[PDB]
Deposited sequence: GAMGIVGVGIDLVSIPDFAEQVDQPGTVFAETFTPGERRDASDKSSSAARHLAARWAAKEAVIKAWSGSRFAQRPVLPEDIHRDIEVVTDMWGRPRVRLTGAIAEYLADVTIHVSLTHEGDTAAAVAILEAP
């Protein structure tokens, strides 16, 4: 239907840098991934590191699209795999009527994502 763009976001993630940083106590990483997921992903050459990085890139792209938007709580945004966005608590309510498009990708050393927010 008739829609307007509300926000845009792009994010790049070095997978090797991600693997080094992900397993740290008390971080936003720790609030986002389980201890087991983070240990696994701690091995930069793993498939687990590859995917977790892409999920993190997507979440970041979505945050950028929103933060630059007229809506202004990171544990309220979850990205599941195609990439799906699930929202909770406060933000869920903010964007109840906003359509979220996200796409992710990974190649060798790098993961990337783009997010576009849309509303009538």
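Chemist: Give me the ranges of the deposited sequence that have no CA atoms here, in sequence order.
Modeler: Those parts of the chain that were deposited but carry no coordinates are 73 to 80, 90 to 93.
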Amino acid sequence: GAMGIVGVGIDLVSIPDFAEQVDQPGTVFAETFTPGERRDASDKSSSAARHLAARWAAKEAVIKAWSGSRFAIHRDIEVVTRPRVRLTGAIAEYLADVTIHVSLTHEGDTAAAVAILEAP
From here on, numbers count along this sequence of modelled residues.
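Rigid core here is just the name for the largest C-alpha set that superposes within 1.5 Å across the two forms.
Chemist: When the core is superposed, where do the C-alphas shift more in 4 other deposited structures of this protein: in 63 to 71 or in 86 to 94?
Modeler: Comparing 63 to 71 with 86 to 94, the larger C-alpha deviation in 4 other deposited structures of this protein belongs to 63 to 71.
Chemist: Which of the two stretches, 89 to 97 or 58 to 66, shows the higher mean Cα temperature factor in the record?
Modeler: The entry gives the higher C-alpha B-factor average to 89 to 97.
Chemist: Using only C-alpha atoms and the B-factors in the entry, which stretch averages higher, 20 to 28 or 99 to 107?
Modeler: So the stretch with the higher mean C-alpha B-factor is 20 to 28.
Chemist: Taking the entry's C-alpha B-factors for this chain, is residue 53 in the lowest, middle or highest third?
Modeler: Tercile = lowest for this residue's CA B-factor.
Chemist: Ranking every modelled residue in this chain by its Cα temperature factor as given in the entry, which third contains residue 2?
Modeler: As the PDB entry reports it, the C-alpha B-factor of residue 2 lands in the highest third of its chain.
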